[PDB]
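One chain follows as structure tokens, the form deposited in one PDB entry.
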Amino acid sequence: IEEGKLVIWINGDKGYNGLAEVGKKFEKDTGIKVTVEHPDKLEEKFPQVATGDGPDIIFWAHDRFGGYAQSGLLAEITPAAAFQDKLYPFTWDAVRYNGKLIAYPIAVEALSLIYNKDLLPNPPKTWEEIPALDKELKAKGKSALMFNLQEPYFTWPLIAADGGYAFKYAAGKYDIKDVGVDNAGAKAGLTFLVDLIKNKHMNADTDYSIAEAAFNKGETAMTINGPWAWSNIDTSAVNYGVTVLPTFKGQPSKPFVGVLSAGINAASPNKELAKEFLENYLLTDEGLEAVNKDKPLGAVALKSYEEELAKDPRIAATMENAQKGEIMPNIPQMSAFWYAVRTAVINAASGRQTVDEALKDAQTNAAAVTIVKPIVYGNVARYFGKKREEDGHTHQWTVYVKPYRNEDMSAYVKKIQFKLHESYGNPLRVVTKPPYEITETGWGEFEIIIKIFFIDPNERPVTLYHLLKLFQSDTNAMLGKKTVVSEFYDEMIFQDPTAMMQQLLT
């Protein structure tokens, strides 16, 4: 990652232009250029890199930061007590993982019901009214309700209303063996969603763009969305209200509450510059104002500015919904939960599965523990000045497997076996301690079979296949006999590993 520069990653639905303005002010004072980017799937891309060209700062809801901290991707932020007192202590709790602060909290987010005051003067208090309301609106060429059915974030409040939950809290922590995805409450909620689609009140294909376009053109009376969505509605001709989500079975819809958070990349050489920008430029009245102006943040973590914005009824409604909802866990298993429920809702909504089938798989998938160990492997190969005439060897090479992160791989790896071509003596080379590598000379390329064994003999060994590369394929580097580096990134995946093995992997 380039030094004397800040690269920031924020999601494309947030005020990235507003953030850029805070970056320009930072550049004005320090001379340090801030580059704000909104890459697709940044929250999936971040671990793949973070890095070479990974960001200095990453923005997301707090739910994903626990997984990043487990992998060791985040720097422990070091805000002074004077600074911590300026933000709401609730927001600090959301960015804490294993007793340590791993991100700066920016703003509290919750979904609200947004409705067209011209089309729908009195919004419905219940989900159960919406079919009737839609039939009445369909007669006038309009629809009652359209929201993102592709992302479980938007459908969860309905699923959770009558008893759906992610992880049961027990013994002072989230119990990841107790998932609340296929109980009567969850089934009732998703069934109500599936029935809306079966009855033509909603369309399984509806995504963020379609719902937003539909509501903002006055085609649908209602949508479900967060504060970030208000800017585009302002630009439209729609008179909108932000209100409490409809009740289901007489119980409030329970949106998962998000704390938009800024993490500092552990690989960043600009940790001090990141601290300065986040503490003294973004998390200020003027800084949050520039971002909020672009796309509203919700209830900001900075007390001073939250008090200035608190009187906005749209924020009051946001916090009303937040209070009836649940703070998202930040634990690593939240990733698995979100993917499982995304599958369940899309399959149930499309009609590939029944509600019972879809939620039974999600129950299993949400509880499936996956531990990922990124690795690098391959070879370096150096050309001799000239061919050694005795055995015709032209190259010295090292084949190797290394952890991608700076860790002791021998904590979970028992041994690595490198199977060389028959032309070598003792072709089965076994390495029981690091470094996991074999150095040799030769004349020829050939496939090396690499077999990685784990301390738990029941944990199935990983087999890798590597073509030992001696000769450069690039023509200019071929003419120049330049040193060959053929190495590959890969991730070893451990599924529901034994208790012993989980400790060794973490």
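Heads up, when I say rigid core I mean the largest set of C-alphas that superpose within 1.5 Å between the two forms. Numbers follow the displayed sequence, beginning with 1.
Unshown form deposited in another entry; subsequent notes refer to it.
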| item | value |
| --- | --- |
| Position that moves between the shown form and the other one after core superposition, taken from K142, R405, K200, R342, with Cα shift of 2 Å or more | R405 |
| Core-aligned C-alpha movement of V380 between the shown form and the other one reaching 2 Å | yes |
| Is_shifted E389 between the shown form and the other one (CA, 2 Å cut-off, rigid core) | yes |
| Threshold 2 Å Cα movement between the shown form and the other one for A20, core superposed | no |
